[PDB]
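These protein sequence lines map, in sequence, to chains A, C, D and B.
Here the first sequence is numbered in PDB author numbering, starting from 1 and rising by one per residue.
Here the second sequence is numbered in PDB author numbering, starting from 1 and rising by one per residue.
Here the third sequence is numbered in PDB author numbering, starting from 1 and rising by one per residue.
Here the fourth sequence is numbered in PDB author numbering, starting from 1 and rising by one per residue.
Note that beta-carbon positions come from the ideal geometry of N, C-alpha and C, so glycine has one too.
These notes are about the structure you will find just below.
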Amino acid sequence: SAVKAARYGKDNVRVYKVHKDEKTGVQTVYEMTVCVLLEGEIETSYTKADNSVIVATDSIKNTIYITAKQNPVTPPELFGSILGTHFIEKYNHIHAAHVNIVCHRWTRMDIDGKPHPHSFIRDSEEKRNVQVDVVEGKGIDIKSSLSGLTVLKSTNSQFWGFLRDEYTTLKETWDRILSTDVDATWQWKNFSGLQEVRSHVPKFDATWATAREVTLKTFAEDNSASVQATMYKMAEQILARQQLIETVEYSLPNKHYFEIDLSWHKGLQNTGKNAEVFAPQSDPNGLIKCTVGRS
Amino acid sequence: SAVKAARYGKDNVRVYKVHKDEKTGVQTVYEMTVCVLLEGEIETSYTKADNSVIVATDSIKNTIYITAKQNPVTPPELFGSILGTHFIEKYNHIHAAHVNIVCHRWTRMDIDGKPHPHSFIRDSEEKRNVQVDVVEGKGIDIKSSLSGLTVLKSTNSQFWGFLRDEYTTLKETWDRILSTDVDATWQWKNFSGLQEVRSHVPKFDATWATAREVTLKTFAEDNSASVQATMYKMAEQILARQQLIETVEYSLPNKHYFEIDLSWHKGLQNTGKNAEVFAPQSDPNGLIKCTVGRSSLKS
Amino acid sequence: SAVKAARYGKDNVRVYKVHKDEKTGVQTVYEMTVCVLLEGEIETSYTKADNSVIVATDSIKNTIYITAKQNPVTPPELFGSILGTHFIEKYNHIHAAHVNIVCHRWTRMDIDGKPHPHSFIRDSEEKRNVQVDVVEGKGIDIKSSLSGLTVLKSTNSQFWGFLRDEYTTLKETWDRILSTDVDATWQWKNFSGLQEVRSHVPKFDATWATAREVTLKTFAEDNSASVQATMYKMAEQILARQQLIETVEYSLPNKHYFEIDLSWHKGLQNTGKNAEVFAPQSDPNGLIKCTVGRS
Amino acid sequence: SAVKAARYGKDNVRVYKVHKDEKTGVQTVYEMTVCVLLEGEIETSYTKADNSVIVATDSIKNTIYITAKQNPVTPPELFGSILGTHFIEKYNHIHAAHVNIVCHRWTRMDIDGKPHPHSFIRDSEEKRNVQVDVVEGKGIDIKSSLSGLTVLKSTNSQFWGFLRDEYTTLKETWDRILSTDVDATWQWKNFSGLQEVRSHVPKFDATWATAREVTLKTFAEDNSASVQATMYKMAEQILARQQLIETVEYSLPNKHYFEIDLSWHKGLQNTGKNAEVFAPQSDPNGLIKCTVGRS
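Below is the structure:
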């Protein structure tokens with residue numbers, strides 16, 4: 001036998017950092033869950049139980065904290081590039097570091113119509129994530145995403161004209177509820193190193209904001225018979241607004257709401273144009289994906 | 001052996017309802033999860049295997065849907081009252097209805113600075129709930145609540161002067177992070193029946209909004225040495241703003257964020273004044289509760 | 001306003017304890033999650049911000065570890081009585097202690113037909129719990145329980161003869177799947193003190209084993225058209241076999257399996273007597289409870 | 001812009017199936033959660049909002065139900081293969097079907113020391129899964145796995161000799177608790193079509209029984225200072241025992257149990273050799289992987 005692939009590190013490292021503005025006294029908090037996986041010349045740990053090549057997972061955790069203490073943790077794309085770069089430069093036998101960061105929302109509270117200097121609320125469970133792969137001699141690859149964004153529109157969605165055969169029972173419809181969770185990823189062009197990433201820093205937060213706004217606006221405004229086409233349109237606009245992006249990927253796990261026929265009860269009318277009360281379904285669910293790139 | 005207590009019904013009934021304004025075209029959606037439990041003369045189902053006294057759980061489900069179709073589903077206090085009343089008024093052997101409702105947020109989207117007529121976002125996992133007990137001859141009991149409200153203040157919280165003894169290692173502190181999940185319940189005065197609840201409809205959303213606003217503003221502004229104290233201040237204010245409220249109950253699960261000493265690494269300072277990087281702890285957690293009522297002192 | 005009730009303490013304290021036999025070399029592990037809430041003369045911490053009456057929740061945590069260190073952690077009924085008593089005896093202004101204990105399963109592995117001395121597997125998410133209320137001057141109240149036990153029987157469950165009116169659509173049946181999670185709780189007669197708890201120590205594990213066995217057997221063997229009667233039969237047998245028990249409470253959250261009609265597709269027969277493939281429903285679910293006492 | 005990848009289908013389809021023996025009267029239940037994603041000439045649903053190319057996800061659902069009624073649902077490697085093949089044989093424009101199946105446990109109850117004919121218990125949360133890729137003109141790729149298998153060993157685990165630098169605080173140890181959730185996957189050699197898969201049916205269940213037993217035994221008996229070396233010994237045995245397997249992949253998320261220093265309290269000794277009471281840590285956790293192939 002032979003070790004074809006190996007990775008190891010620390011997962012679920014919860015980090016919090018506070019920034020205190022020295023002029024205004026305003027504090028800003030950042031909270032994230034970090035995962036670091038290392039690759040390199042570590043085969044002997046598996047074949048011979050040689051631990052000499054192993055950077056303990058505990059030390060990896062310590063390094064996460066130390067790195068967050070000495071550097072900016074935002075935007076996460078930078079933080080991840082800093083953390084990943086550290087391991088490949090500090091250890092000669094380590095050739096790739098894979099950093100994954102989940103950012104949690106802490107939104108400043110508005111109290112009496114003014115933003116409070118140090119109180120926050122966890123508004124959504126929506127996350128902002130980055131996946132950063134730092135590979136010796138192949139620069140830095142970054143994938144940025146938003147996830148756990150949950151939306152619903154009560155009309156202006158249709159579904160008709162789909163294939164029909166002996167497996168088909170679904171009726172075509174010209175007015176339905178469209179609800180879905182939204183996972184959107186945008187892959188950056190490969191970066192040559194840390195210096196390049198740092199010089200593109202302003203683009204990260206701005207592109208996250210664009211992807212989020214385009215997603216919301218297109219979803220709300222598009223009167224469509226095809227969820228597939230709505231997602232392609234979201235992706236086209238993001239690619240048009242940010243040249244440094246190579247691809248956009250969407251994954252929409254639909255959430256179904258069924259009409260409830262109540263006619264058996266005093267001929268009560270609750271279907272079609274009369275549909276008022278629906279039954280949200282927990283499962284199963286339609287899942288629709290696409291990865292869009294540049295022609 | 002005998003049956004001392006019995007209850008049964010349908011749990012986890014998911015319901016959505018949309019309201020459409022013909023005039024404006026504006027649609028409003030509502031979503032919730034409903035549990036209805038029934039009590040009455042039903043011991044025979046246990047003792048003798050007599051199903052003749054049993055209204056099938058499947059039928060309790062249809063009834064929820066039929067009632068949602070025929071009545072306003074908001075405020076939830078109204079709906080649960082309409083729904084529990086139906087059961088004791090339609091089934092002679094049914095003596096009490098316990099209705100639990102969880103309201104999910106579907107908040108209207110603002111697109112390009114304006115409110116969208118029919119798109120919504122789930123802007124938080126915060127819930128608005130009600131527990132309605134409709135008991136034959138004893139009227140309607142209502143507990144209203146908010147839950148899943150998660151907050152953090154990064155400073156202006158202290159904890160010192162507590163009891164110290166041989167089980168104690170906690171150091172006193174004048175500046176710490178205070179984070180918690182808020183659960184607040186306000187118990188209404190008993191209502192005689194449905195018509196009484198109907199007369200007070202407007203107070204329901206109003207008092208939900210006050211309880212929330214009082215919770216946030218107190219948590220943000222209070223410089224308190226005990227969470228116990230901060231919680232008591234919240235309750236006092238809610239009791240003072242709404243007279244139909246008999247008690248306010250708060251339950252606060254503390255979420256700890258520990259300092260991380262990094263001095264073993266070249267003398268790096270990250271504690272006290274110099275603390276910037278913390279470790280949030282998933283468990284264990286402090287848990288603080290209180291039920292606050294009206295005082296019998298006339299002055 | 002006035003404080004009507006107040007309680008506070010430490011929740012979610014995870015505890016693991018190992019027992020090592022020096023002769024046999026066999027090891028035994030216990031894992032649980034503990035919650036301790038205290039009551040007493042603590043009003044002024046709410047009303048006057050007076051912390052002098054506050055035993056820090058952090059010191060409650062220390063006390064749990066210290067207590068597990070110096071005492072037996074099994075049966076949890078005993079352990080919880082010890083932990084609750086300690087607080088009302090150590091602090092003058094504390095007059096009630098509420099202890100909740102969740103025990104997790106670590107079942108000894110069997111390797112090559114033989115029980116391994118020190119390897120364990122989590123063989124189920126089923127829990128053994130205790131709730132112990134130690135109230136000064138009023139003894140010790142113990143509720144024991146099992147939860148998270150999920151069962152299913154493929155036939156020999158019926159449901160007919162139920163009330164039918166204009167809100168009914170359910171068709172009666174004489175054959176159906178019965179699946180449910182089981183929550184069973186047995187309330188011990190009040191104990192005057194720790195000495196009395198200590199003298200009945202052997203009764204606890206045995207009653208739990210009895211409660212578990214009675215539950216599975218009756219569930220498996222009963223061919224009933226009433227889940228209510230089935231659980232009433234369960235309670236009777238437990239009450240009969242253990243005199244120190246005052247009440248038995250069952251909570252059965254049903255799990256529905258719907259028949260799927262496929263006759264639109266080539267005359268496929270999959271209903272009634274021909275039903276083979278079912279759709280498990282995630283929600284909603286029937287919920288049935290009862291508390292059974294002695295005449 | 002161009003569609004670079006696209007896939008869509010139905011997720012979280014819950015399926016239950018009962019097998020009744022008329023002779024013996026003994027029943028056997030299977031329950032699983034299925035996901036089917038399709039790929040093909042479907043770009044136009046995205047670019048042109050053309051649904052005529054869309055096999056409705058609702059019909060994909062129907063199909064999984066009809067397929068389960070008409071065929072054996074065990075072993076899952078077989079069922080997955082039949083279901084994936086169906087799409088590429090029925091539709092001109094679909095060239096790949098990706099089927100994921102998660103099997104849940106329904107273990108036959110032993111009542112009075114005899115197997116019960118129609119009563120089951122969900123012993124563990126452990127799963128047996130399959131991922132089948134059926135791609136037009138490229139055969140059928142099957143990956144089998146077990147997951148959610150949780151184990152603990154109270155001694156006979158060590159960790160010393162790792163790299164130590166200015167980021168390292170972990171002390172070396174010769175006796176510690178080792179606990180993990182296990183995820184093991186084995187990838188079969190490419191199968192040419194359904195008939196060849198059908199020909200190896202017996203091997204599927206047997207290879208799953210083997211991977212499970214090797215994982216438990218090696219974990220229980222190995223006294224290693226390397227989780228890495230233990231997992232490598234596991235993969236070796238599996239590869240040695242099944243020639244039709246190309247690779248074995250293990251993913252082990254460590255679950256740490258910290259020692260609690262209690263000496264500050266009246267000199268209590270609960271460290272090193274006196275350690276009896278530990279604190280289970282929910283996060284963070286080490287995560288170790290490797291993929292082991294043949295030389």
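Whole-angstrom Cβ separation of residue i and residue j, contact assumed at under 8 Å?
{"i": "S59 of chain A", "j": "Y167 of chain B", "result": "5 Å"}
{"i": "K4 of chain D", "j": "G293 of chain C", "result": "4 Å"}
{"i": "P76 of chain C", "j": "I101 of chain C", "result": "5 Å"}
{"i": "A240 of chain D", "j": "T215 of chain D", "result": "The Cβ separation is near 14 Å, so there is no contact."}
{"i": "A6 of chain D", "j": "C290 of chain C", "result": "5 Å"}
{"i": "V55 of chain D", "j": "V34 of chain D", "result": "At roughly 16 Å, the Cβ-Cβ gap does not stay under 8 Å, so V55 of chain D and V34 of chain D are not in contact."}
{"i": "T85 of chain D", "j": "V36 of chain D", "result": "That pair is no contact at about 12 Å."}
{"i": "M109 of chain B", "j": "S119 of chain B", "result": "4 Å"}
{"i": "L252 of chain A", "j": "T180 of chain A", "result": "5 Å"}
{"i": "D283 of chain C", "j": "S282 of chain B", "result": "6 Å"}
{"i": "residue 317 of chain B", "j": "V277 of chain D", "result": "Only positions 1 to 295 of chain B appear in this structure, which leaves residue 317 of chain B out of reach."}
Quick check on residue i - is its C-beta less than 8 Å from some C-beta in chain A?
{"i": "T107 of chain D", "result": "no"}
{"i": "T85 of chain B", "result": "no"}
Secondary structure at residue i, three-state DSSP: helix, strand or coil?
{"i": "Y91 of chain A", "result": "coil"}
{"i": "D205 of chain D", "result": "helix"}
{"i": "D222 of chain B", "result": "coil"}
{"i": "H265 of chain C", "result": "coil"}
{"i": "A68 of chain A", "result": "helix"}
{"i": "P76 of chain B", "result": "helix"}
{"i": "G40 of chain C", "result": "strand"}
{"i": "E126 of chain D", "result": "coil"}
{"i": "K138 of chain A", "result": "coil"}
Tell me, please, whether the CB atom of residue i is closer than 8 Å to any CB atom in chain D?
{"i": "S124 of chain B", "result": "yes"}
{"i": "residue 349 of chain B", "result": "No information on residue 349 of chain B is available, as it lies outside the stretch 1 to 295 that chain B covers here."}
Using the rule of at least 16 other Cβ atoms within 10 Å of the residue's Cβ for burial, across every protein chain shown, is residue i buried or exposed?
{"i": "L83 of chain C", "result": "buried"}
{"i": "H93 of chain B", "result": "exposed"}
{"i": "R122 of chain D", "result": "buried"}
{"i": "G9 of chain B", "result": "buried"}
{"i": "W188 of chain C", "result": "buried"}
{"i": "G286 of chain A", "result": "buried"}
{"i": "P280 of chain C", "result": "buried"}
{"i": "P72 of chain B", "result": "exposed"}
{"i": "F204 of chain A", "result": "buried"}
Please confirm whether residue i and residue j have their CB atoms less than 8 Å apart.
{"i": "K153 of chain A", "j": "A220 of chain A", "result": "yes"}
{"i": "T218 of chain D", "j": "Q242 of chain D", "result": "no"}
{"i": "residue 334 of chain A", "j": "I88 of chain A", "result": "Outside the displayed span of chain A (1 to 295) sits residue 334 of chain A, for which this structure offers no information."}
{"i": "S45 of chain C", "j": "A235 of chain D", "result": "no"}
{"i": "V132 of chain C", "j": "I140 of chain C", "result": "yes"}
{"i": "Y30 of chain D", "j": "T74 of chain D", "result": "yes"}
{"i": "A49 of chain D", "j": "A229 of chain C", "result": "yes"}
{"i": "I245 of chain C", "j": "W186 of chain C", "result": "yes"}
{"i": "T271 of chain A", "j": "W264 of chain D", "result": "no"}
Any beta carbon of chain C sitting closer than 8 Å to that of residue i?
{"i": "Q228 of chain D", "result": "yes"}
{"i": "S282 of chain B", "result": "yes"}
{"i": "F258 of chain D", "result": "no"}
{"i": "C103 of chain D", "result": "no"}
Are the C-beta atoms of residue i and some chain B residue less than 8 Å apart?
{"i": "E166 of chain C", "result": "yes"}
{"i": "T150 of chain C", "result": "no"}
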